[PDB]
């Protein structure tokens, strides 16, 4: 089970272009689409209706949704929490130098961090909450994306606007916090 996980990460890092199209600027932006697509699926299942994408200092990406939260129940097949199985099978996690998740579920905040898809510690209870949803924060691996790891605000804006237009009823917000002195936000919500 666990051995099959490591080979999966190795495979994605060995031929990243086969999984995200390219290691150019295009492939870097794809990382955001892959995570946002998971939030959109949770909205289409009837659970979520708000997605926030933040470009943080040093081109971290934070994606937050108000869905049910990725499940944390032990996956009888792997003996690992479901969220760990799901994120260790993620292309984005494989192609990130660092990735962390916060799940709000069962009135609890759970946290796990990864490097190149490898968990750095067991899923941990870190707090309490009266909300549900998922926070993903990731830093693209510069060893993979050798051209640029800098996000283009207008590229992300055009695609987020498109996703809000195609998926009516979902509020999707993009915020650029890289320059703390000039913060830019665009928020889209069709019908």
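Residue numbers count along the first chain shown, from 1. We call the rigid core the largest set of C-alpha positions that still match within 1.5 Å between the two forms.
Stretch with larger C-alpha RMS deviation in 9 other deposited structures of this protein, core superposed, 107 to 115 versus 71 to 79: Between 107 to 115 and 71 to 79, greater C-alpha deviation in 9 other deposited structures of this protein belongs to 71 to 79.
Between the two ranges 159 to 167 and 61 to 69, the one averaging a larger CA B factor in the entry: In the deposited entry, the stretch with the higher C-alpha B-factor mean is 159 to 167.
Of 71 to 79 and 104 to 112, the one with larger mean CA B-factor: Mean CA B-factor is higher for 71 to 79.
Chain third (lowest, middle, highest) by recorded CA B-factor, residue given as residue 180: Ranked within chain, residue 180 CA B lands in the highest tercile.
Chain thirds of CA B-factor: placement of residue 26: Highest third - that is where residue 26 ends up once the chain's C-alpha B-factors are sorted.
Residue 140 - Cα temperature factor, lowest/middle/highest third of chain: Lowest third - that is where residue 140 ends up once the chain's C-alpha B-factors are sorted.
Cα B factor band for residue 132 (lowest, middle or highest third within the chain): Middle third, going by the recorded CA B-factors of the chain.
Residue 39 - Cα temperature factor, lowest/middle/highest third of chain: According to the entry, residue 39 has a C-alpha B-factor in the chain's lowest third.
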